[PDB]
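[1] part one of the complex, left exactly where it sits:
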Amino acid sequence: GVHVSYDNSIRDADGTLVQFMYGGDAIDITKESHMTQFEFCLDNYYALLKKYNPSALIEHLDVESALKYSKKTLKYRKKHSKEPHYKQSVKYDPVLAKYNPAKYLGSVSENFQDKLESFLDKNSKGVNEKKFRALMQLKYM
Amino acid sequence: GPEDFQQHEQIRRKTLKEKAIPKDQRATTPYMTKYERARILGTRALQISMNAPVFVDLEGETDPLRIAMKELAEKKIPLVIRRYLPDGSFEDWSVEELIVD
Amino acid sequence: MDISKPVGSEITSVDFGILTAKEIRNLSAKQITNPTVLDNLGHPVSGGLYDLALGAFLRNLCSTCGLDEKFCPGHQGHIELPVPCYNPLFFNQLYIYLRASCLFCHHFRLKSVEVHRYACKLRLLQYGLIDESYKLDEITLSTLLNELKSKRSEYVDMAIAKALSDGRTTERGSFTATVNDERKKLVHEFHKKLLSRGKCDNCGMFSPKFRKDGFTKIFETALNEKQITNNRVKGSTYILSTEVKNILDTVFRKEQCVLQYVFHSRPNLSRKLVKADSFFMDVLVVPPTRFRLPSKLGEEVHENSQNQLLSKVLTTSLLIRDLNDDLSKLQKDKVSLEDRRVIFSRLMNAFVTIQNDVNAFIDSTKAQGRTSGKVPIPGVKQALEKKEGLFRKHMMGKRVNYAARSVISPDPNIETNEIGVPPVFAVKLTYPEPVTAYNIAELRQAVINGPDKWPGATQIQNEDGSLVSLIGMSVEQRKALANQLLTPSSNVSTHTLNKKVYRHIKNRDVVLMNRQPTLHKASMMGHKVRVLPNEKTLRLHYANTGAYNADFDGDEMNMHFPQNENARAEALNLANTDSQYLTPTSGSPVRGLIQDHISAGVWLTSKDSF
Amino acid sequence: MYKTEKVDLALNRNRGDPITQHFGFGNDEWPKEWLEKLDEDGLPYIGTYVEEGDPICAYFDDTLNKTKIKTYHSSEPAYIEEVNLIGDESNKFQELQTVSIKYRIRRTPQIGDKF
Amino acid sequence: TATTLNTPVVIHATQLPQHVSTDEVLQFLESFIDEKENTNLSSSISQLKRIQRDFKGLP
Amino acid sequence: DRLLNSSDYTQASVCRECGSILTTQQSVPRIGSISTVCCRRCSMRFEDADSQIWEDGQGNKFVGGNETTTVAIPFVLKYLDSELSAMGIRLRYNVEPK
């Protein structure tokens, strides 16, 4: 009976909540295959962009709030990374908790965002980091 | 004709109105899920097979499902999707606002 | 299902309940009296188990609705048991409630304050106040007890009132898994505490201790030597079903306050009082003749097992009724003590045997009495319980129309998403295409071709459900029917409908193709159909074998044909084989060429090949 | 394929009642097309093509006063191979009651046949 | 017949009956056919045209 | 489609208030009438009480109870409900457009 609801929170048929997010990220296991392959995505950027068409996915999307909160939270965690697990008092919850990942571009997981930032920092490459980040955030959405 | 039915009708419509989520605050996925697309295509094909009026050019097509897919491509399907939330509240999206893929 | 026959009403919810003796007497169409199913001639006998008021039998018109066998829904009947009989389902509850009760003050052996606290807790949990129930315990704070009862009741009344106004609960009560668990735990603890302590504190009197020997006999033990002393200071017989029924009826009438919340998981909006004459069945309900039809070989006719059980029921009932009549004359004509005593012992044995009989009728395992036997007739419970029972074999899985099965053979010449449908399957499986302006030419050609030449049609379902078969029609008749395919309907009621042509499965259709055991999603996809007119095997491409886990091996797998547009569009899109490229187990791909295509690629892609 | 079936007429009158069903043809208006697969004594000709719906044996019953026929009960076409008339060990020289009929079905190798 | 194609599933009356106001049924009778013909072949008009003139004149 | 629409689909009548499927039945017309579907439990015998009364097949006259609708249910559900009624358990089905 347990199934994904329209709140992105999975729950049983009667209504009792089991998880607030599918695995914490609400990403499909079938479509997770090429979300970490940053090299492959960079290589086929043009084909992936033609597939996704971000131009037609703007009038029904919000792009700024989720990205701002994600940057703030990322800086917060980086500042507080060298802290014990129990002492890490929560002031900024993960962006997925508040902003719907299916409606707010940039509301991605902490693991995916960390991997994307590490790849963009270690690999300095016409595609710039901004367009690649936007494409991969749309891919996550 | 009793008020013992008027009261029931009034309370039913009141509960239904309190259930509906206003268009200004629906917070679901703007995209059309695969299940929604499949159900819309099937229902439109059923209606076409039952002699409902069509809006697209029938370029030598005999499959109601194919006609439904053509209408969905042209975004001329006159159907409204009532997404249901776990408590009972619903948001009345239509195929026009919903974007495919 | 016919898409031209819409149904408006829907079964929103189902609530269980216990049938009362009054309604079934009002509901029934006839009372079954004699235990003779069939007479010498085989004609149904009035008052028997196959009475014509219980449903049309064979060629006999039903005497209740006046309809033939195929048209008679089957009207239920009832029988009148002579003595109230214990329901074998509720016998544990009967035992629990007969124990932990006082026969003198007609209350439970628990304190009135304790049962009031439990009733208040259960009433709070009815609406879902899972916290107020625990907060009620801290109101501990002979004459003050009446005030304590009011204080707890006042707290319960306002706790519900504040929860209903602000929207935390509606008047129907909130029921969730955790409140159900808390209610179950509370009820279990309540029963355990009830059964624990004797010496009923309402009047301070010891009560006899009951015992059971099977599910039909209940005995009680008198008070012991130390126990018999204190009974008068205040100032292993066999008990009867009638007197236990009276005792429990009076006890329930006295303790309705707690019993209502014990016997309801939701607020009792119906306000109906619970009664102890619910574990006791004075009337049995016989299923209609349609559900009790007899088995039939070519000649070997076998009786219904339910009919045998009900006939034995009626035999025992008639014997008891005759013995009671003989008991009456032995009393008006006064005789010696033993003369009535022997037949009274026989009557008690008859009561015991009718209890065992009803226990056997409901539950086969609870039956007592078997020396050698051949096979113990399953009860109605045995018809719904095991893997072969009604549930797991007839609603959790059913045999399906419009579906085929055969051996699979490979075919690398189909487009890795299609199925090779043999022409033998292609002439039997059909789809109900309704005729329209765009479908008229194709369906006219199919009707003209007929049920034997693929592509073709086998039936032409009219607007008013009239099915016209094309099996025994000539070419001229089929041509005339195709000409009369799309015509303006004269009937006003059927002016919104059009004829449906049961066309053969064409090349554009989609089928569900499944292999057992289905260990995951991929073992049941939807392939497009390709009609290969050679032989009689379902021909499958080579990529699907990895997901289906089959070899062309003598392996067999089914092929279901969905019969409506929703299922077509939803097997073509959601269940189609293209969408199952990656299994959800770990996201790894599951399709691809297997054995010689790999070697061919290794040899072709080597740089030694020009 | 070799398959045999036993046409036991004396299976409904299992009691001591005398014979009420005899092999052969009655005097009613039975169809004349029954003689294209059945002999004069209500038995199938040897080497006969029998398919679904084709008569297998003709028996006459003294009660219904009609000529009824048993029927082949398989979709696979078959050939009549052997017809045996089984007698009764009882002293009573009863009529022909039980008859054994053997079929022959050509199992040529089609695809799907395991080798 | 009597299917969900020509008969309502439920025909509950919402309110109490109300007699005809303004004393003239012609405010509806003259406008009933005005919106009808400006099928139903079950004497739906044949026997319905005999109830309008009687309140006005003679048949 | 695999479990109901193509296995045991039946448009069985149902009573709106009693919520029972096999308690309903058909009536016997007098002359040129219509065999309307009626509920046995709903109907009251004419002793305890035209187009208001319906009779059974044995000549008994029952008044009232002639409100019911049609629902799409499997037949095995009806068989299970009959088996439960044999156990003394009543299943009540709530019909939406009451």
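    Thanks, I have the structure now. Numbering: from 1, shown residues only, chains lettered A, B, ... in the order given.
[2] which stretch of helix or strand covers residue B:39?
    helix B:34-49 (DSSP states H and E).
[3] for residue C:187, same thing?
    Using DSSP H and E, residue C:187 sits within helix C:177-196.
[4] name the helices or strands packed onto the next helix or strand after that helix?
    As assigned by DSSP H and E, the chain's next helix or strand after helix C:177-196 is strand C:209-213. Packing contacts for strand C:209-213, counted by 3 or more C-beta pairs under 8 Å, 6 or more residues apart in numbering or on different chains; DSSP states H and E, involve helix C:91-98, strand C:217-221. For every residue, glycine as well, the C-beta is placed using N, CA and C.
[5] OK, contacts around the residue nearest to residue A:129 when sequence neighbours are not counted?
    When the adjacent residues along the chain are set aside, residue A:129 lies closest to residue A:120, with 5.1 Å between them (C-beta to C-beta, 6 or more residues apart in numbering or on different chains). If you count contacts by C-beta atoms under 8 Å, 6 or more residues apart in numbering or on different chains, residue A:120 has them with A:129, A:132-133.
[6] out of the residues you listed, which is most surrounded?
    residue A:132 (20 neighbours; other C-beta atoms under 10 Å in any protein chain shown).
[7] ok, now which ones touch that one?
    Residue A:132 neighbours (C-beta under 8 Å, 6+ apart): A:41-42, A:45, A:120.
[8] and with 7 Å instead?
    A:42, A:45 (C-beta atoms under 7 Å, 6 or more residues apart in numbering or on different chains).
[9] also, this goes in as chain G:
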Amino acid sequence: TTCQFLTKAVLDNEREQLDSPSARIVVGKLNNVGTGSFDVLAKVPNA
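    Just below you will find chain G, in place on the chains above:
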């Protein structure tokens, strides 16, 4: 244990709303998972 769970549900008059797939299958209702997790309405242009 169809018998045991039937008594435990009929003693307390457990009304069920037909939410799990098993109940909907028993009563022959459209499921609530997947394509049955929503309704479909028609935009009719009347006067």
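[10] chain G added, so what about the contacts of residue A:132 now?
    For residue A:132, counting by C-beta under 7 Å, 6+ apart, the contacting residues are A:42, A:45.
[11] which helix or strand contains residue C:147?
    helix C:144-165.
[12] that helix close to chain B?
    No. Counting by C-beta under 7 Å from any C-beta of the partner chain, no contacts exist between helix C:144-165 and chain B, the nearest distance being 15.0 Å.
[13] helices or strands up against the helix holding residue C:187?
    The criterion is 3 or more C-beta pairs under 7 Å, 6 or more residues apart in numbering or on different chains; DSSP states H and E, and the helices and strands that helix C:177-196 contacts are helix C:112-127.
[14] the helices in chain F, which residues?
    F:75-86 (DSSP state H).
[15] residue nearest the centroid of chain E?
    residue E:32 (7.0 Å; C-alpha atoms, centre = their mean).
[16] just chain A next, same as before
    Central residue of chain A (C-alpha atoms, centre = their mean): residue A:108, at 1.5 Å.
[17] still on that earlier bit, list the buried residues in the helix holding residue C:187.
    C:179-180, C:182-183, C:186-187, C:190-191, C:194 (16 or more other C-beta atoms under 10 Å in any protein chain shown).
[18] for those residues, which one is nearest residue C:390?
    residue C:180 (25.9 Å; C-beta to C-beta).
[19] skipping its backbone neighbours, what lies nearest the closest one in space?
    Going by C-beta to C-beta, 6+ apart, residue C:180 has residue C:265 as its nearest residue, at 7.0 Å.
[20] distance of that neighbour relative to chain D?
    Distance, residue C:265 to chain D, by C-beta to the nearest C-beta, to the nearest Å: 56 Å.
[21] also put chain H on there:
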Amino acid sequence: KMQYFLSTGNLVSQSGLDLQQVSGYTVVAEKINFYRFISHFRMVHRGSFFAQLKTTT
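    Okay, chain H now, added to the rest:
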């Protein structure tokens, strides 16, 4: 009685004959092929009592 035993496989006895199982004592000597036929006469069974226990030793 012996013909019934042969035609059904069930062993009806008042002592049990020191044999654990009751049914499945006679099998039809199938003649699909001579290998099958001759294999019928050389086979042995551990007993139908051993066809249900889960001890694979």
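[22] since we added chain H, can you redo what packs on strand C:209-213?
    strand C:217-221.
[23] circling back: distance of the residue nearest to the centre of chain E from residue E:52?
    The gap separating residue E:32 from residue E:52 is 9 Å, by C-beta to C-beta, to the nearest Å.
[24] same question, residue C:226
    In terms of C-beta to C-beta, residue C:226 sits 98 Å off from residue E:52.
[25] more neighbours: which of these two?
    residue E:52 (16 against 8).
[26] pretty sure the more buried one contacts residue E:30?
    No. The pair residue E:52 / residue E:30 is not scored as a contact, 8.3 Å apart, by C-beta atoms under 7 Å.
[27] which element follows the helix or strand hosting residue C:249 toward the C-terminus?
    Residue C:249 belongs to helix C:241-254 when assigned by DSSP H and E. Using DSSP H and E, the helix or strand that follows helix C:241-254 in sequence is helix C:256-262.
[28] how about the helices in chain A?
    Using DSSP H, helices in chain A cover A:38-43, A:45-52, A:64-79, A:95-98, A:110-122, A:129-140.
[29] so which elements touch the shortest one?
    It stands for helix A:95-98. helix A:64-79.
[30] which strand or helix spans the one residue in chain H that gets nearest to chain A?
    Chain H approaches chain A most closely through residue H:54 (32.5 Å), counting by C-beta to the nearest C-beta. Under DSSP H and E, no helix or strand contains residue H:54.
[31] same thing with residue H:4?
    With DSSP H and E as the test, residue H:4 turns up in helix H:2-8.
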